[PDB]
Amino acid sequence: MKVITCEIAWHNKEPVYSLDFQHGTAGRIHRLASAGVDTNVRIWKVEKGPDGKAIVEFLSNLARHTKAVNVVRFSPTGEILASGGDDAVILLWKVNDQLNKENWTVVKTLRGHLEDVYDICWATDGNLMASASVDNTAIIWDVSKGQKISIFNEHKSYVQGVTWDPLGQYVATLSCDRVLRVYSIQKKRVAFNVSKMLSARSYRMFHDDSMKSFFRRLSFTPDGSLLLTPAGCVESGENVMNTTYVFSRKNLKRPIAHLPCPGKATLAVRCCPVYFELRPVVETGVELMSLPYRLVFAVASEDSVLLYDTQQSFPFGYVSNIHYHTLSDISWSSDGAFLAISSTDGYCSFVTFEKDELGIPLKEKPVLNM
Amino acid sequence: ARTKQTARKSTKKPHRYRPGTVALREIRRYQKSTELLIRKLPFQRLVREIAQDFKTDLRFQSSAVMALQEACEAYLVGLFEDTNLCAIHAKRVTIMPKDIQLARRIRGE
Amino acid sequence: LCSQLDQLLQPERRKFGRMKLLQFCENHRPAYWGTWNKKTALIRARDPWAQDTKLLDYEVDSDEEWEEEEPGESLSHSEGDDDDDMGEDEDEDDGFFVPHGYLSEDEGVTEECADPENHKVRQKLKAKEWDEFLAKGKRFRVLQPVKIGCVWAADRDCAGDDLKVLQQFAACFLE
Amino acid sequence: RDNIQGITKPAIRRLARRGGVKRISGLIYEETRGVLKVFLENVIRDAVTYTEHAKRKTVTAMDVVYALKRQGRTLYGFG
Amino acid sequence: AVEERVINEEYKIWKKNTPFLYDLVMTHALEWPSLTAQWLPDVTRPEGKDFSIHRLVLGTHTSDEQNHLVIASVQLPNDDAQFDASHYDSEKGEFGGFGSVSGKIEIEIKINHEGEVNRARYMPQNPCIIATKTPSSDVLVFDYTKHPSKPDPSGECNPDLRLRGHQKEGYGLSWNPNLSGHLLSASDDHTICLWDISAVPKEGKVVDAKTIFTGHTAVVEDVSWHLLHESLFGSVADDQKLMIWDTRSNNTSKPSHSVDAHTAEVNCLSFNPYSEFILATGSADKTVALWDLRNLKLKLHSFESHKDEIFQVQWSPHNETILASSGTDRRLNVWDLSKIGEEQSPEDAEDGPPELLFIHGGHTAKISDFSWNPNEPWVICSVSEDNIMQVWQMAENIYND
C-alpha cells in the first residue's frame, strides 16, 4: 500500500468532484473520468508503473458542458458513461470508432432535474438510472429509452446521495434535512424513512445543513446486504460527534452499528466491487457482518479516507493530511488495486494496492438474488 | 584631494494550461490571507442595505459577511491582473475603464 | 594567521536560461522582465556600446511604449498608502454578528432541539470562531504529508507509535 | 438609499495596490463600484434562491459557497 | 549641451544593449545624491514569498536642505522564482512577459545629519551602530533602533555619539572586523584618528582621540582595517604614498612601513575578504596597482583600463580573485585574477588589457559609491552624482562561461 499525491494538471487547477473507473474491463489497465467546474470531462489512462506507482495519462476531453459538473459515474458495464452538470441536463456517452486520442460522443439526452445535479446512480444492470440534484427531487430513468419514468418529491431539503440496490429491490436516498428514505422498486414509494432515533432520548442521527460539506455520497455494498450512511451524528453526551451508520437488510430503521470518526466529517462512502476470502481472525464480534466472503470499502471524510473490511471494526488502512482542501470523491478500480482519491483542492491522489495485499479475490463471484 | 561637484535636485485570453506537465503548487492561494484591507463597516452597511433592498426579515453571520469580503477582493484581483495583461497588450500602462470592461468580457460576465 | 602575517610583514525553461529583469525609474515604459536568448558576438562586456547589426534598432521605444500624458495620480509612491479613515456604525437593527446571528436564526427557525442544547451549540460555535481568530496569526504553515502503512493485528513487531495512533481511531460499537 | 459611494477611496486604492498597479484612472472608481455592485447582487440573489430553496430564513455562508460555485469560483478554507 | 547629448545617446545605447549583457538591473532615481551606499549583512526571506529583501545605508547631498541618513530596504526576487515558466511570447520567441510584479526600493528610516554624510560605515558585528562622516570636524554615530524611524521635525541631528580628534572634514572611515569599536578615520588635517567606542559609557556622547597618526605629509585619503589582522591597517593619501601602520607600534608618527604608491595621488585601498597578503589601491594616474604584502617594493600588478582618476576599489565576499573599480569615467570595471597573463586576440584587445572582464557605464554622472552584496553574488548597487541609484547584476555567462 503506497499513497501517491497527484501533482499533475487535472482540470487546470479547478477542483475535482467526481471520478469513476472502468468496471467492464478487469485488465490491469484502467480508463478514468473526472468531474470539475471547468465544464470539462477529462478521460485519463492509469496503470501501475515499473516501480508500481500509479502513473496516469490523459485520454480524451468533453467540453459540451455549458456549466460545471458534479457527479460522474460509468455504467456497471462501463461502456456507457453518465455525465451530470449544473446546466440541469444529463447526457450519456459512448466511445466512437489533437489532444484527444479518442472521441466520446453523447448517446442519450436525459433531463428531468431542471437544477444543478449532485448525484447519479446506475442500476445493477446499467439500464435503470438514478440521479440526485438541487431540486429536492428523486428521478428514475430508463437507459434503454432515455425518458423519465418516476419522480419522488417527498424531500424538504437538498439530496446529496442516491444508490441502487444491487439486488434491485431498494433505492436509498438522503435529504440534507438529516432525513433518510428508502424506496421500493415495484411500489415506487418510501419503503423506509429514518431521521431520528431513541437511545431513551431521541435525536437526529445525521448532520444538519450547517456542515461545510458539499456532498453526502454513499453506496450500497456490492453484496447488497449492507447499507452505509456517512455524515452521522452520535450524541454520546451533551455534544454530538461525526460518524457513519451501517445498515443491514434485516432492519433499515435501526443500523447495526456506526463508525465514529473523530475530528472531520464523512461525506462519501464507496465499496470496492471485488470480493475476498475471510481473513483468519479470532471468532469474535469485531466483524461488522458475518458473511462467507468478505469485502473491503473506502470511506471519504472531510479530509481523511479510511479502509474497513468485513472482519474488522477498526480501519486497517488509514490516510490523512494529503489534500489541502476537503475531499470530493473516491473511486475503486475494477480489480480494486487502484483507489483514486479526489478532493476539492484541485488535485487528486492515488493509493496503489499490490496484488493479494487485500486477500484472494473469489474464484467465482457469488450470485446475487434478484 | 578629489574635485567635487554640486549635486542637482532630483524630481489566448483564457490562459488554460495543458493537461500534462502542470504541477504548480501555489500554497498561499490555498489559505485565506486574513488580510481584509477593507473597512469592514462600509462594506457591512452596504450589504445590509442592498439585502433590505432585495428582501426583509433576514439575518446574516459575521462568517458569511467576511466570506462575501474575500470573494469580493478575490474577484478584484482576478479582474485586476486581467486588466494588467490587457493594458500590456493594449500597449499602455495607465489603466482605463474600457480595460476593466474588456477584461470583464474576456471572462464573459 | 596573525602571527605569520606579522612575521612575513616585518520551449524548455532550461533551454532559455535564467529569467532576466530590467527596470528604469525614468521610463514611462513599464518595467520589463523576460528571458533573453539572442546570441550576438558584437555585444560583449569588453565593448558594451558596440553596434548590434541585424540584431535590433538603436531607436527609442519607451516614448512609443507609454506616452502617458494622463492624470495617473502618481500612484507610484509618496501618496495614498498612509491615508485611512475611521468611522462609527449601528448594528442593533440587523445584527451581523455570531451571537445575534444565532439568535435571529433560532428565533426565525425553530427545530426539535433543546434550549440547553442550543446554548451549548452556540457556545461551541463561538469557541470555534475564537480559536480560528487566534490561529489566524499562524498565517502560512508548510504542511508535511503523513501516511500510515498497512499495519494489522497479526503483526506485533510494527511501530507502537502507529499502533497507538490507529488505536486512537477506534471503532465504537453500540449495544 | 444613498450608500453607493460608501466604497472608500482608500479601500479602492488598496485593492489597486494588492493587484500590483502603479497608475490608476480617476473615474474608474465608480465603474469599480458598479462592477462590485452587480457581482454582489448576483451573488446575494442566488444565495437567496438557495436559502429559500433551503426552506430557510437566515442565510448561511454555505449558501454563499453554493452561489460562488454556481457563478463559478472557488472558496478557500471554508468549503 | 554636446557632452549632455553624447552622454544621453551613450546611455540610450547602453539601455538598448543591456538585455544581452545583464541579468539583473534595478535602477532608481534618488531625491538627493548619496556619497555613501552599502548593504546590510541581514537578509529578509519571508516564508511563502517569491522574493528576498535587502537593506541599504545611504546619505544625501543637499546644498541647502537637511541632509538625512537613509536606510533603504530593497525587494529582490527569489532564486526559486528565478526558474518559472509563466508565459511565452510568439513575437520574441522567449518566456518573456513585461508584467507588473517586481521588486521595489523602499526608504525605511531617515535620520537628520549635520551636513552631507562624507562616509557611512557600521559595525561589522552590529548593523545597529553606524559611523558617519560630517563636513564639520565632528564624527557622528547613529542607531536606527535608538532613534525614531521618521526624521525628527527638529532640523538639528540627534547623534548618539560624537567623536573627537579631527580638526575638519575628511573622506576616510573604517571599522575593525576583528576588534569591536575600533574606528579608523581620515581627514584633510593630515591626521589619522583611531577611536575605540567599546569603552564609551552608556550615557557618554563625546569620544576622545584614542590615537592620532601623523606620518602622512599630505591629505590622508582613506584608511581601512585589515580583514584578518587584528592590529594591522593601511593608509592612502595624496602624497602617492602607501603607508602601513601597526597599532602595537609605540610610535604614532613613525609608520611600520613606507612605500610609495604611484606617480599620482591615490584615493582608497581594499583587501581580500579571504586573502591577507594582497591589497588593491586606486590612483589618479588611471592605474590600479596590486601589492603583495610579502614585498611592497614591487607591485604585484598595475591594471590599466580607466582614462582618469579612480576613486573606490572593492573586493568580493563571494569571490576571492574578483575586483572592480569606479572613478570619474562613470565606468565600473570588473577585473579577474584568473585571466592574468592570458593571451588574447587584438579584436578583444582594442578596448584594453585582458585583465578586465566587464565594464559598467550605466552612469549619467560620476559613480559616487558601490558595494558588493555579501549574500547575493555578483549583485552590486552603484550611485552616480545625479541622485541615480541602480542595483544591477551582469550576465552570468561572463564569469561562469
# chains A, B, ... in the order shown; residues from 1 in each chain; ligands from 1

call {"tool": "interface_residues", "arguments": {"of": "chain C", "to": "chain E", "cutoff": "6 Å", "atoms": "only C-alpha atoms", "output": "list in words"}}
result
residues 2, 19, 20, 21, 22, 23, 24, 25, 32, 33, 34, 35, 45 and 46 of chain C

call {"tool": "residues_around", "arguments": {"residues": "residue 212 of chain A", "least_positions_apart": "2", "cutoff": "9 Å", "atoms": "only C-alpha atoms", "output": "ChimeraX atom specification"}}
result
/A:209-210,214 /D:61-62,65,78-79

call {"tool": "residues_around", "arguments": {"residues": "segment 318-332 of chain A", "least_positions_apart": "3", "cutoff": "6 Å", "atoms": "only C-alpha atoms", "output": "short mmCIF file (atom, residue, chain, number, x, y, z; two decimals) with N, CA, C and O atoms, in the first residue's frame"}}
result
data_model
loop_
_atom_site.label_atom_id
_atom_site.label_comp_id
_atom_site.auth_asym_id
_atom_site.auth_seq_id
_atom_site.Cartn_x
_atom_site.Cartn_y
_atom_site.Cartn_z
N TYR A 17 -14.67 16.81 -8.38
CA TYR A 17 -15.89 16.48 -7.65
C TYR A 17 -16.32 15.03 -7.82
O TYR A 17 -16.95 14.48 -6.91
N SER A 18 -16.02 14.40 -8.94
CA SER A 18 -16.44 13.03 -9.15
C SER A 18 -15.47 12.33 -10.08
O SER A 18 -14.81 12.96 -10.91
N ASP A 20 -14.59 8.00 -11.71
CA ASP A 20 -15.04 6.63 -11.83
C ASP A 20 -14.07 5.82 -12.68
O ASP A 20 -13.46 6.33 -13.63
N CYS A 272 -15.56 -1.34 -2.62
CA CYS A 272 -14.86 -1.99 -3.71
C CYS A 272 -15.71 -3.12 -4.28
O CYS A 272 -16.28 -3.91 -3.53
N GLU A 302 -14.10 14.43 5.67
CA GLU A 302 -13.76 15.78 5.24
C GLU A 302 -12.34 15.84 4.69
O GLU A 302 -12.10 16.46 3.65
N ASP A 303 -11.39 15.19 5.36
CA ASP A 303 -10.02 15.21 4.88
C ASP A 303 -9.45 13.81 4.69
O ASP A 303 -8.67 13.56 3.77
N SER A 304 -9.83 12.89 5.56
CA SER A 304 -9.21 11.58 5.61
C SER A 304 -10.05 10.54 4.87
O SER A 304 -11.25 10.70 4.67
N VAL A 305 -9.37 9.47 4.47
CA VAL A 305 -10.01 8.29 3.91
C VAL A 305 -9.60 7.10 4.78
O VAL A 305 -8.46 7.03 5.24
N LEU A 306 -10.55 6.22 5.05
CA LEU A 306 -10.32 5.09 5.94
C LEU A 306 -10.80 3.81 5.28
O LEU A 306 -11.78 3.81 4.54
N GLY A 336 -9.73 -3.42 -8.02
CA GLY A 336 -9.56 -2.97 -6.66
C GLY A 336 -8.15 -2.54 -6.31
O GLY A 336 -7.93 -2.04 -5.20
N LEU A 339 -7.09 2.86 -6.00
CA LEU A 339 -8.08 3.58 -5.21
C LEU A 339 -7.85 5.06 -5.47
O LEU A 339 -6.94 5.68 -4.91
N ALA A 340 -8.68 5.64 -6.35
CA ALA A 340 -8.47 7.00 -6.82
C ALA A 340 -9.11 7.97 -5.84
O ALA A 340 -10.32 7.91 -5.59
N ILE A 341 -8.30 8.88 -5.30
CA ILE A 341 -8.74 9.84 -4.30
C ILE A 341 -8.84 11.20 -4.97
O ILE A 341 -7.86 11.67 -5.57
N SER A 342 -10.00 11.84 -4.86
CA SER A 342 -10.20 13.18 -5.39
C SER A 342 -10.72 14.08 -4.28
O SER A 342 -11.61 13.69 -3.52
N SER A 343 -10.16 15.28 -4.19
CA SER A 343 -10.56 16.27 -3.20
C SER A 343 -10.98 17.55 -3.91
O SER A 343 -11.09 17.61 -5.13
N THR A 344 -11.23 18.58 -3.11
CA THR A 344 -11.66 19.86 -3.63
C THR A 344 -10.52 20.85 -3.79
O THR A 344 -10.77 22.01 -4.16
N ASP A 345 -9.28 20.45 -3.51
CA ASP A 345 -8.17 21.39 -3.66
C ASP A 345 -7.92 21.72 -5.12
O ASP A 345 -7.65 22.87 -5.47
N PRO C 145 3.21 15.84 4.33
CA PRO C 145 2.28 14.72 4.18
C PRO C 145 2.52 13.65 5.23
O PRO C 145 3.65 13.46 5.70
N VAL C 146 1.45 12.95 5.60
CA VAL C 146 1.53 11.84 6.54
C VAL C 146 0.88 10.63 5.88
O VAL C 146 -0.10 10.76 5.15
N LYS C 147 1.46 9.45 6.12
CA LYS C 147 0.96 8.21 5.56
C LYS C 147 1.21 7.08 6.54
O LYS C 147 2.33 6.92 7.04
N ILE C 148 0.17 6.30 6.81
CA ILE C 148 0.26 5.15 7.70
C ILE C 148 0.12 3.88 6.87
O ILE C 148 -0.86 3.72 6.14
#

call {"tool": "closest_atom_pairs", "arguments": {"of": "chain A", "to": "chain B", "cutoff": "8 Å", "atoms": "only C-alpha atoms", "output": "tab-separated table"}}
result
residue	atom	partner	partner_atom	distance
A:7	CA	B:23	CA	5.1
A:8	CA	B:23	CA	5.0
A:9	CA	B:22	CA	4.7
A:10	CA	B:19	CA	6.2
A:11	CA	B:19	CA	7.1
A:12	CA	B:17	CA	5.6
A:57	CA	B:20	CA	7.9
A:58	CA	B:19	CA	6.9
A:324	CA	B:30	CA	7.6
A:325	CA	B:30	CA	7.9
A:345	CA	B:30	CA	7.8

call {"tool": "closest_residue", "arguments": {"among": "B:38, B:1, B:65, B:71", "to": "residue 71 of chain D", "atoms": "only C-alpha atoms"}}
result
B:71

call {"tool": "interface_residues", "arguments": {"of": "chain C", "to": "chain A", "cutoff": "12 Å", "atoms": "only C-alpha atoms", "output": "PyMOL selection string"}}
result
chain C and resi 102+105+111-125+141-154+162-163+165-175

call {"tool": "atom_distance", "arguments": {"atom1": "atom CA of residue 293 of chain A", "atom2": "atom CA of residue 366 of chain A"}}
result
8.7 Å

call {"tool": "interface_residues", "arguments": {"of": "chain D", "to": "chain C", "cutoff": "6 Å", "atoms": "only C-alpha atoms", "output": "mmCIF file with N, CA and C atoms, in the first residue's frame"}}
result
data_model
loop_
_atom_site.group_PDB
_atom_site.id
_atom_site.type_symbol
_atom_site.label_atom_id
_atom_site.label_comp_id
_atom_site.auth_asym_id
_atom_site.auth_seq_id
_atom_site.Cartn_x
_atom_site.Cartn_y
_atom_site.Cartn_z
ATOM 1 N N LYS D 22 0.585 50.677 -10.555
ATOM 2 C CA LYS D 22 1.207 51.922 -10.140
ATOM 3 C C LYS D 22 0.455 53.150 -10.631
ATOM 4 N N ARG D 23 -0.320 53.017 -11.707
ATOM 5 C CA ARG D 23 -1.122 54.100 -12.263
ATOM 6 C C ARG D 23 -2.574 53.665 -12.336
ATOM 7 N N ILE D 24 -3.477 54.557 -11.943
ATOM 8 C CA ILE D 24 -4.904 54.271 -11.868
ATOM 9 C C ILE D 24 -5.665 55.381 -12.574
ATOM 10 N N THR D 58 -32.817 32.744 7.697
ATOM 11 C CA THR D 58 -31.486 33.309 7.851
ATOM 12 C C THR D 58 -30.528 32.557 6.938
#

call {"tool": "interface_residues", "arguments": {"of": "chain B", "to": "chain C", "cutoff": "6 Å", "atoms": "only C-alpha atoms", "output": "ChimeraX atom specification"}}
result
/B:59-62,92

call {"tool": "interface_residues", "arguments": {"of": "chain D", "to": "chain E", "cutoff": "10 Å", "atoms": "only C-alpha atoms", "output": "PDB file with N, CA and C atoms, in the first residue's frame"}}
result
ATOM      1  N   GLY D  19      -3.254  44.308  -6.315  1.00  0.00           N
ATOM      2  CA  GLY D  19      -3.125  43.709  -7.628  1.00  0.00           C
ATOM      3  C   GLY D  19      -1.848  44.054  -8.355  1.00  0.00           C
ATOM      4  N   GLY D  20      -1.181  45.143  -7.975  1.00  0.00           N
ATOM      5  CA  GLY D  20       0.160  45.404  -8.432  1.00  0.00           C
ATOM      6  C   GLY D  20       0.337  46.627  -9.304  1.00  0.00           C
ATOM      7  N   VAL D  21      -0.705  47.438  -9.488  1.00  0.00           N
ATOM      8  CA  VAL D  21      -0.580  48.583 -10.381  1.00  0.00           C
ATOM      9  C   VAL D  21       0.204  49.707  -9.726  1.00  0.00           C
ATOM     10  N   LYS D  22       0.585  50.677 -10.555  1.00  0.00           N
ATOM     11  CA  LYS D  22       1.207  51.922 -10.140  1.00  0.00           C
ATOM     12  C   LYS D  22       0.455  53.150 -10.631  1.00  0.00           C
TER      13      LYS D  22
END

call {"tool": "closest_residue", "arguments": {"among": "B:79, B:64, B:86, B:100", "to": "chain D", "atoms": "only C-alpha atoms"}}
result
B:64

call {"tool": "atom_distance", "arguments": {"atom1": "atom CA of residue 50 of chain D", "atom2": "atom CA of residue 33 of chain B"}}
result
27.4 Å

call {"tool": "select_by_dssp", "arguments": {"residues": "chain B", "states": "alpha helix (DSSP H)", "output": "VMD selection string"}}
result
chain B and resid 40 to 54 62 to 89 97 to 107

call {"tool": "decode", "arguments": {"residues": "segment 21-75 of chain D", "atoms": "C-alpha atoms", "output": "CSV table (one decimal), in the first residue's frame"}}
result
chain,number,residue,atom,x,y,z
D,21,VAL,CA,-0.6,48.6,-10.4
D,22,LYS,CA,1.2,51.9,-10.1
D,23,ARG,CA,-1.1,54.1,-12.3
D,24,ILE,CA,-4.9,54.3,-11.9
D,25,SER,CA,-7.7,56.1,-13.6
D,26,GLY,CA,-9.6,58.8,-11.8
D,27,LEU,CA,-13.1,58.0,-13.0
D,28,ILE,CA,-12.6,54.2,-12.9
D,29,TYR,CA,-13.7,54.3,-9.3
D,30,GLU,CA,-17.4,54.4,-10.0
D,31,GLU,CA,-17.0,51.7,-12.6
D,32,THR,CA,-15.3,49.6,-10.0
D,33,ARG,CA,-18.1,50.2,-7.5
D,34,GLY,CA,-20.7,49.3,-10.2
D,35,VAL,CA,-19.0,46.0,-11.1
D,36,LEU,CA,-18.8,45.4,-7.3
D,37,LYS,CA,-22.5,46.1,-7.0
D,38,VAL,CA,-23.6,43.9,-9.9
D,39,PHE,CA,-21.5,40.9,-8.7
D,40,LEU,CA,-22.7,41.5,-5.2
D,41,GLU,CA,-26.3,41.4,-6.4
D,42,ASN,CA,-25.9,38.3,-8.5
D,43,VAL,CA,-24.2,36.5,-5.5
D,44,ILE,CA,-26.7,37.6,-2.9
D,45,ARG,CA,-29.8,36.9,-5.1
D,46,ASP,CA,-28.6,33.4,-5.9
D,47,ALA,CA,-27.8,32.8,-2.2
D,48,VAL,CA,-31.4,33.8,-1.5
D,49,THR,CA,-32.5,31.3,-4.1
D,50,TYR,CA,-30.7,28.6,-2.2
D,51,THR,CA,-31.9,29.6,1.2
D,52,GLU,CA,-35.5,29.9,0.1
D,53,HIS,CA,-35.0,26.5,-1.6
D,54,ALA,CA,-33.3,25.6,1.7
D,55,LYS,CA,-36.7,26.4,3.2
D,56,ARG,CA,-34.8,28.7,5.5
D,57,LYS,CA,-34.9,32.4,6.6
D,58,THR,CA,-31.5,33.3,7.9
D,59,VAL,CA,-29.0,32.6,5.1
D,60,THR,CA,-25.8,30.8,5.8
D,61,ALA,CA,-22.3,31.1,4.4
D,62,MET,CA,-22.9,27.7,2.8
D,63,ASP,CA,-25.4,29.5,0.6
D,64,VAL,CA,-22.6,31.9,-0.2
D,65,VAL,CA,-20.4,29.0,-1.2
D,66,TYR,CA,-23.0,27.5,-3.5
D,67,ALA,CA,-23.6,30.8,-5.1
D,68,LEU,CA,-19.9,31.2,-5.5
D,69,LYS,CA,-19.6,27.8,-7.3
D,70,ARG,CA,-22.7,28.4,-9.4
D,71,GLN,CA,-21.3,31.5,-10.8
D,72,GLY,CA,-18.1,29.6,-11.0
D,73,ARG,CA,-15.3,30.5,-8.4
D,74,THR,CA,-13.6,28.8,-5.6
D,75,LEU,CA,-13.7,29.4,-1.8
